[PDB]
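Asker: Before I ask anything, let me first share the structure, which is written out below as structure tokens.
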Amino acid sequence: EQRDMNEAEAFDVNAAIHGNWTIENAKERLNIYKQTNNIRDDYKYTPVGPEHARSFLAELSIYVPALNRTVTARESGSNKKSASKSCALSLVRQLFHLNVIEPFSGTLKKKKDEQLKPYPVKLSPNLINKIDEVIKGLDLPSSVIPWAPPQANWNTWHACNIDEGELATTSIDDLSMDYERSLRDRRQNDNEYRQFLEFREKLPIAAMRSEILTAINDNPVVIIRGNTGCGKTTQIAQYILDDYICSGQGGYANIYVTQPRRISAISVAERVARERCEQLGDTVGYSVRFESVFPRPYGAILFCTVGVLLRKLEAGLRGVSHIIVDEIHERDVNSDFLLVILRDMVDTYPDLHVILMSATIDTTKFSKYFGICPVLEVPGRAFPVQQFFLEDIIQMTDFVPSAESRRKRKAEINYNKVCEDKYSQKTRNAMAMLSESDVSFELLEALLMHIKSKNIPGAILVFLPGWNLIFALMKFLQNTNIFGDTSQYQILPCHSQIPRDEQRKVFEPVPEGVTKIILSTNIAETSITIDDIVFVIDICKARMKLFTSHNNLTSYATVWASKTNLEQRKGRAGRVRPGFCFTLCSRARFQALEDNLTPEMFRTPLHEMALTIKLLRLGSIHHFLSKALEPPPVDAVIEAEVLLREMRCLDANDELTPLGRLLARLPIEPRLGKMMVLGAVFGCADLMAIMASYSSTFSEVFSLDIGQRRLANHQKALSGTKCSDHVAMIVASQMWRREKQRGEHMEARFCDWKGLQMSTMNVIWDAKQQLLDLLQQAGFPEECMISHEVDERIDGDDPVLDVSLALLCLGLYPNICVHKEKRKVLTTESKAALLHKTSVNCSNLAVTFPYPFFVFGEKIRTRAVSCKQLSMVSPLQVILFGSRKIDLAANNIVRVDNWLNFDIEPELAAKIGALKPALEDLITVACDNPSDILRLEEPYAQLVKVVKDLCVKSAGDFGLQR
RNA sequence: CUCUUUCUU
Ligand SMILES: Nc1ncnc2c1ncn2[C@@H]1O[C@H](COP(=O)(O)OP(=O)(O)O)[C@@H](O)[C@H]1O
Ligand SMILES: [Mg+2]
């Protein structure tokens, strides 16, 4: 079977920009190039995707001697074959971009067939003549980011004049003297602070302390490398601040600190606040999304995630004295972005000091990055830890694989059967029987039971790939007789999309006689510290998001963690007392793990980050990314540039239009930002914002019970006769708002009854409120964002909701599909796909829907391309908002996006299609004058009126029985 | 058949 998967994966969307290079000729061209340049390199099919979903992966690595670069690729696949095709296409496109191969120009082929039957659409005479009048009316057919030392009457964090309080005649010198006197008095009198310094002097970092300061005082860029638990993050900023205060210059110090994760930043800020024996928000503050406590403008340490600093960079960095980047080894997009921006900072302004601190980096690489900068190694760690591997526990608890899986069970190197002959025979058989991709719950239960038998107090930490395995393990352990006793063991998950209360529950102490088992993803990997952690159990798997750009496919892959991730998870233990680190993989597998995971820049879209580049005015995108540490593939850069230019956020000169600036200021996908602005023009910004926020969450609203492959009848009614996920999400959020407003326990019981997710609703509402606030900041009047109650039970027409569903087509372009029966739909160019089990439109019967056109939010690959966040849309909405060009096919059939066929009058088709440039002009004029969107010239008011009349559900149901 | 790595004043 599964020819449909090959047909769907061969699909291409952006072959036009890359010189007509597609899958069908990419492998041939790559083979020809390799033969010509006598390159003997070959694919590295890296099997992944566990075993119930044996996907694969692939990665060539051709080397271009002439230019001296090394053009490389990394792609996903559902069977070696397809991946290799995608990798070859990426490599060929990249090699084309630096002009080493001529653009393709000959011929491909056409199989089409299966052409879909036309869908008749008719419009009422009043609608047509209104469109005619509307058409007649609308006459239709670089600089340097600045820096400055701290100044009087200026706030560093807010970058605004104070003009308030009694801090007007207070100079910097007087403030520094007051700070020095206060610090001396605190040191002399308070005994808790003195005890804290007595503890701090015992840390290894103290032995290096003095010389570290010298480096900071002699070189703008300093790299610090040391073992985990040696006290870098909570000590370096304090050392700098205390030196500045004691040296009579306490008012001239401002030390930013950047943490890779929210919980890490919060925990480190709290620990710094406790170490100075002071309340939060006075000297040390933190600023993460949806939670910010700010310290005094002078002599303060601010902990913020990298994205927060990137958003702060728009206002400039006037008044900062030091910037610290922790966990630089993360290699993600924001870290490298901040690295380039900080290099520019140091080069332009030598007074600013930048300190890079981490535990496991290539010191030579980052030193040569900054044009040779000092690197200081901190020797020694806090306490030693004992490390074990899978075969060690197998010998060390006499575990035997269950007969259960022994038969339930029923050339890639399987390291689980390779081990030293020092160990016993039965241990070797037990190690060999276990598979690699899957995990064993019997193994974990036996290991935890033996740890209990060890009678060593302390928390247990289990690192897991994702939510599914975490909650499956929670359910499995809860059913056990021993671990089900809440008085003996307490199990806490640690996930970013879990409620914030549960995230903070991982730091609070537990009562006597109970052991805390924390099941975490890689959120608990870096820089956090829990006092009672003694045991770290590493499953050695990490999940990443693979994005195939040529077919616009997304997937989640559970791949083996690198050695750096394992070393950091090991370092999470043994910070206050010696412990154990049980790592679950063979010693051969441990030796076979990659050094570091691939950086995010090589496997992520760059449209948002290129837009941010243009916002802060660093210059051309291509040159800026050529200045980056690890240059992203040129094809991704050109795809981002074309995506922004085509959507009109950049003019012909690659400059920033006001729409581009406004979309840059929003924390949303640029397409979602344009869609939100259009929703604001039509006076439906509340629903528009909440719906856009649900389309950038990667979380689920409805929680199908473990296994059930459909929602049910409580949840599948929220959607109501609309048969759309977004209307159901709106109804659920509207009910949940009232339920919370009447009680928090009411919120919990409502979420239990209706089968929702409390954390998903909270994050969606918070993102929607932030979007509304930012839209208000730009000048859009509040009258455009009044909350509109949605009645999903009403069938027929609803202007606001229908125009919202129509604007979805513009916001989720080109994610459109056509349903046939049961769960089978066709995506663009008629590629077969399945409706996901979570979506409310999934059905086991051969039921039919009124309008067979859908727009979905995500296209996830599994063992069958699946779709996510579906919503039904009328043909008129699709024609208006879901295509760029509309043409005329044979026998008078209108063709949309070269794959949709409509039976509609060509004259009226041209009439309706002429409105899209008018809509672009409306967006431009609305973003130009945000305060003047609700009042407009008469032609644009008529345009809005006819668009509202066209976006009705039954606007094209005249004379049709349907 | 596995709905949910991290981040965005
Ligand atoms: N909750 C806590 N209880 C006791 N000690 C702590 C706690 N949090 C942090 N510490 C101590 O503070 C130090 C901070 O180390 P840190 O600089 O975060 O390590 P790294 O340099 O790897 O980030 C650690 O050595 C740890 O012993
Ligand atoms: Mg290394």
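Cβ: placed from backbone, ideal geometry, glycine included. Neighbour counts: every protein chain shown. Basis: the model, the stated rules and, where named, an outside source; no laboratory instrument gave them.
Asker: Taking the residues in segment A:198-249 that are of a type in the set (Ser, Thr, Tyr) and within 16 Å of ligand 1 (Cβ to nearest atom) as candidates, determine which candidate is nearest to the chain's Cα centre (by Cα).
Answerer: Out of the qualifying residues, it is A:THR233.
Asker: If you go through segment A:86-116 one residue at a time, how many are of a type in the set (A, V, I, L, M) and assigned to a helix (DSSP H, G or I)?
Answerer: Total satisfying the criteria: 5.
Asker: Taking segment A:134-144 on its own, how many of its residues are buried (at least 18 other Cβ atoms within 10 Å of the Cβ) and either part of a loop (DSSP other than H, G, I, E, B) or of a type in the set (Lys, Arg) (or both)?
Answerer: So the count comes out to 1.
Asker: Out of all the residues in segment A:206-223, is one or more under 16 Å from A:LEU302 (Cβ atoms) and of a type in the set (A, V, I, L, M, F, W, C)?
Answerer: no
Asker: May I pose another question? Testing A:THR258 on (1) among the β-branched types (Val, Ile, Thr); (2) away from RNA strand B (no atom under 16 Å from the Cβ); (3) within 23 Å of A:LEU339 (Cβ to Cβ), one condition comes back false. Which one is that?
Answerer: It fails just one condition, (2).
Asker: Where in segment A:849-962 are the strands (runs of 3 or more DSSP E), entirely inside, with at least 2 residues that are touching an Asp or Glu at 6+ places or on another chain (Cβ under 8 Å)? Write out each step before concluding.
Answerer: On the way: elements: A:853-855, A:858-860, A:866-868, A:886-888, A:894-896, A:900-903.
Qualifying strands (runs of 3 or more DSSP E): A:866-868, A:894-896.
Asker: Considering only segment A:81-105, state which residues are of a type in the set (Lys, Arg) and farther than 25 Å from A:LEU57 by Cβ.
Answerer: Answer for segment A:81-105, where residues must be of a type in the set (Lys, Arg) and farther than 25 Å from A:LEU57 by Cβ: there is none.
Asker: May I pose another question? Does any residue of segment A:153-174 turn out to be within 16 Å of RNA strand B (Cβ to nearest atom) and either in a helix (DSSP H, G or I) or in contact with a strand residue (DSSP E or B) (Cβ under 6 Å, 6 or more places away or on another chain) (or both)?
Answerer: Yes; the residues of segment A:153-174 include at least one that is within 16 Å of RNA strand B (Cβ to nearest atom) and either in a helix (DSSP H, G or I) or in contact with a strand residue (DSSP E or B) (Cβ under 6 Å, 6 or more places away or on another chain) (or both).
Asker: Still on this structure, please answer the following. Please report, ordered by residue number, the strands (runs of 3 or more DSSP E) entirely within segment A:466-583 with at least 2 residues that are out of contact with any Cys (no Cβ under 9 Å at 6 or more places or on another chain) and within 13 Å of RNA strand B (Cβ to nearest atom). Talk me through it step by step, then tell me what you get.
Answerer: Numbers: elements: A:489-494, A:515-520, A:533-538, A:541-548, A:553-560, A:580-583.
Qualifying strands (runs of 3 or more DSSP E): A:489-494, A:541-548, A:553-560.
Asker: Is there a residue in segment A:117-131 that is outside the structural domain of A:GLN249 (by TED's automatic domain parsing), basic (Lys, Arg), assigned to a helix (DSSP H, G or I) and more than 40 Å from the chain's Cα centre (by Cα)?
Answerer: Filtering segment A:117-131 for residues outside the structural domain of A:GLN249 (by TED's automatic domain parsing) gives A:117-131.
Restricting the remaining residues to those that are basic (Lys, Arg) gives A:117, A:122, A:130.
Still in the list and also assigned to a helix (DSSP H, G or I): A:130.
From what is left, the residues that are more than 40 Å from the chain's Cα centre (by Cα) are A:130.
Yes: segment A:117-131 contains one or more residues that are outside the structural domain of A:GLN249 (by TED's automatic domain parsing), basic (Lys, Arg), assigned to a helix (DSSP H, G or I) and more than 40 Å from the chain's Cα centre (by Cα).
Asker: Tally up the residues in segment A:322-344 that are in a loop (DSSP other than H, G, I, E, B) and either more than 16 Å from ligand 1 (Cβ to nearest atom) or within 25 Å of A:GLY251 (Cα to Cα) (or both), please.
Answerer: Qualifying residue count, segment A:322-344: 2.
Asker: Does A:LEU629 qualify as being crowded, with 21+ Cβ neighbours inside 10 Å, out of contact with any strand residue (DSSP E or B) (no Cβ under 6 Å at 6 or more places or on another chain) and hydrophobic (A, V, I, L, M, F, W, C)?
Answerer: So A:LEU629 does not fit the description; no.
Asker: Within segment A:593-626, work out how many residues are charged (D, E, K, R) and either assigned to a helix (DSSP H, G or I) or crowded, with 16+ Cβ neighbours inside 10 Å (or both). Please lay out each step first, then the result.
Answerer: Within segment A:593-626, the subset charged (D, E, K, R) is A:594-595, A:600, A:603, A:608, A:614, A:617.
Right, trim to either assigned to a helix (DSSP H, G or I) or crowded, with 16+ Cβ neighbours inside 10 Å (or both) and you get A:600, A:603, A:608, A:614.
Count: 4.
Asker: Would you mind stating whether A:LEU826 is assigned by TED's automatic domain parsing to the domain that holds A:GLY720, surrounded by fewer than 16 Cβ atoms within 10 Å (Cβ to Cβ), among the aliphatic types (A, V, I, L, M) and not in a helix (DSSP H, G or I)?
Answerer: Answer is no for this residue.
Asker: Please work out which residue is nearest to A:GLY956 (Cα to Cα), limiting yourself to segment A:906-938 and to residues that are of a type in the set (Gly, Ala, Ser) and surrounded by 14 or more Cβ atoms within 10 Å (Cβ to Cβ).
Answerer: A:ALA909
Asker: Tally the residues that are buried (at least 17 other Cβ atoms within 10 Å of the Cβ) and either over 21 Å from A:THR397 (Cα atoms) or within 16 Å of ligand 1 (Cβ to nearest atom) (or both), restricting the search to segment A:571-592.
Answerer: Residues in segment A:571-592 being buried (at least 17 other Cβ atoms within 10 Å of the Cβ) and either over 21 Å from A:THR397 (Cα atoms) or within 16 Å of ligand 1 (Cβ to nearest atom) (or both): 7 in total.
Asker: Taking A:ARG318, is it surrounded by fewer than 22 Cβ atoms within 10 Å (Cβ to Cβ) and either outside the structural domain of A:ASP173 (by TED's automatic domain parsing) or within 21 Å of the chain's Cα centre (by Cα) (or both)? Break it down into steps so the answer makes sense when it comes.
Answerer: On the way: surrounded by fewer than 22 Cβ atoms within 10 Å (Cβ to Cβ): yes; either outside the structural domain of A:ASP173 (by TED's automatic domain parsing) or within 21 Å of the chain's Cα centre (by Cα) (or both): no.
The answer is no for A:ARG318.
Asker: Going through A:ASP752, A:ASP773, A:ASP705, A:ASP725 one at a time, which residue ends up being outside the structural domain of A:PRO499 (by TED's automatic domain parsing), among the acidic types (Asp, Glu), within 13 Å of RNA strand B (Cβ to nearest atom) and more than 25 Å from A:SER804 (Cα to Cα)?
Answerer: Answer to the selection: A:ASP705.
Asker: Just checking: which of the strands (runs of 3 or more DSSP E) contained wholly in segment A:345-400 hold 1 or more residues that are touching a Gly at 6+ places or on another chain (Cβ under 7 Å)?
Answerer: Details: elements: A:353-358, A:375-378, A:386-388.
In segment A:345-400, A:375-378 are the strands (runs of 3 or more DSSP E) which contain 1 or more residues that are touching a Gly at 6+ places or on another chain (Cβ under 7 Å).
Asker: If you take the residues of segment A:364-382 that are buried (at least 16 other Cβ atoms within 10 Å of the Cβ) and closer than 25 Å to A:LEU566 by Cα, which of them is farthest from ligand 2 (Cβ to nearest atom)?
Answerer: The extreme case among them is A:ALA382.
Asker: Can you confirm whether A:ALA846 is surrounded by fewer than 18 Cβ atoms within 10 Å (Cβ to Cβ) and hydrophobic (A, V, I, L, M, F, W, C)?
Answerer: Taking the combined requirement at face value, the residue satisfies it.
Asker: Where residues in segment A:727-757 are assigned to a helix (DSSP H, G or I) and among the small types (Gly, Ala, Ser), which of them is surrounded by the fewest Cβ atoms within 10 Å (Cβ to Cβ)?
Answerer: Per the criteria, the residue is A:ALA748.
Asker: Going through A:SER287, A:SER267, A:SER247 one at a time, which residue ends up being among the polar types (S, T, N, Q) and surrounded by fewer than 18 Cβ atoms within 10 Å (Cβ to Cβ)?
Answerer: A:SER247
Asker: Only one of (1) more than 27 Å from A:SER496 (Cα to Cα); (2) of a type in the set (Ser, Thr, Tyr); (3) within 16 Å of ligand 1 (Cβ to nearest atom) fails for A:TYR252. Which number is that?
Answerer: (3)
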